[PDB]
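Participant:
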Amino acid sequence: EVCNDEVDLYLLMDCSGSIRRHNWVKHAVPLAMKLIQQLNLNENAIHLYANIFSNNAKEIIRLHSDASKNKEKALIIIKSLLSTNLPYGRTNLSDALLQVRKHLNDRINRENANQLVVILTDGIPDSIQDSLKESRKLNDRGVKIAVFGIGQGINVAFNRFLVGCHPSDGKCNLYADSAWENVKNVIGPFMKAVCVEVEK
Ligand SMILES: [Cl-]
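Residue numbers (the deposited numbering): 41 to 240.
(1) Sort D209, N149 and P229 by Cα distance to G182 and report the nearest one.
(2) Should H62 be labelled buried (16 or more other beta-carbon atoms within 10 Å of its own) or exposed?
(3) Give me the Cα-Cα distance between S123 and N82, rounded to the nearest whole angstrom.
(4) Just to confirm the assignment: which complete beta strand (DSSP E) runs, minimum length 3, are found wholly within the segment 96 to 140?
(5) Would you call the segment 185 to 195 in contact with the segment 86 to 104, where contact means no fewer than 3 C-beta pairs closer than 8 Å?
(6) Is the beta carbon of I92 sitting closer than 8 Å to the one on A107?
(7) Where do the ends of the beta strand (DSSP E) carrying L49 lie?
(8) Mind listing, in chain order, the residues whose beta carbon lies closer than 6 Å to a non-hydrogen atom of ligand 1?
(9) Cα separation between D135 and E41?
(10) Identify the continuous alpha helix (DSSP H) that holds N199 and give its terminal residues.
(11) Starting from the Cα of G189, find the closest Cα among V223, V47 and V238 and give me that residue.
(12) Relative to the C-alpha of residue 22, which candidate in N199, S105 and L126 has its C-alpha closest?
(13) By how many angstroms is the C-alpha of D162 removed from the C-alpha of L121?
(14) When burial is assigned at 16 or more other CB atoms within 10 Å of the CB, is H206 buried or exposed?
(15) Go through its chain and collect everything with a Cβ distance to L178's Cβ below 7 Å, but skip five positions before and after it.
(16) Classify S208: buried if its beta carbon has 16 or more other beta carbons within 10 angstroms, exposed otherwise.
(17) Is it buried or exposed, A216, if we count other Cβ atoms within 10 angstroms and call 16 or more buried?
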């Protein structure tokens, strides 16, 4: 796997109504699955956390659970997202980020592990200010943030600002974007680049 290190990885999966059910089924859920496939989930390597967010954040994989540390068990849970009322609602990225900060506050995370947030999103947050504020508070706790943008509703400048890059210029290893139909071709190289940054 291109991601293989002691990393607590918080997958924040946008489930907003802007996605459209057919994209959710054919692309978003398969994208999360392929993302997970880039990770060595193990007690001594990556531990996964996952939430979905639209109106609010909802945890779907508990950090350090069996599914957090085993890829087959993680993939069953992601696949279970198909048989739901998703997608729907707005884009409450700040509440999704807040849940990660609650893990840190509460000392749930491995203190020894690098802390990485990976956001999958097709839009702009409800509150750019609340999002960038949470993100700062995460950054102060040593958290790195990566963003994978999808489709025409994103704002690339905001995404790049979020991950700590210049909004337009220069290489940004913590950011990538893709058209809906192309996401599974962009995810592997993105996760390779992100994991290289996290390690360096
Ligand atoms: Cl928000």
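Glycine is no exception: its CB is placed at the ideal position from the N, C-alpha and C atoms.
Facilitator: Reading it off the structure:
(1) The option with the nearest alpha carbon to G182 is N149.
(2) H62 comes out exposed.
(3) Rounded to whole angstroms, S123 to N82 spans 27 Å at the Cα level.
(4) The segment 96 to 140 contains these whole beta strand (DSSP E) runs: 97 to 101.
(5) Three or more beta-carbon pairs separated by less than 8 Å are not found between the segment 185 to 195 and the segment 86 to 104, which leaves the two stretches without contact.
(6) Not closer than 8 Å, so no.
(7) Here the beta strand (DSSP E) through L49 covers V47 to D54.
(8) Chain-ordered list of matching residues: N132, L133, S134, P165, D166, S167, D170 and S171.
(9) Each residue's Cα considered, the two are about 30 Å apart.
(10) Where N199 is concerned, the enclosing alpha helix (DSSP H) starts and stops at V196 to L202.
(11) Proximity to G189 across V223, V47 and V238 peaks at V223, based on C-alpha coordinates.
(12) The chain is shown only over 41 to 240; residue 22 falls outside these bounds and no answer can be derived.
(13) Rounded to whole angstroms, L121 to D162 spans 17 Å at the Cα level.
(14) By the 10 Å Cβ count, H206 comes out exposed.
(15) Excluding the 5 residues flanking it on each side, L178 has same chain C-beta neighbours closer than 7 Å at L137, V140, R141, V157 and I185, in chain order.
(16) Flag for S208 reads exposed.
(17) Taking a 10 Å sphere around the C-beta of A216, we find 16 or more other C-beta atoms and assign the residue as buried.
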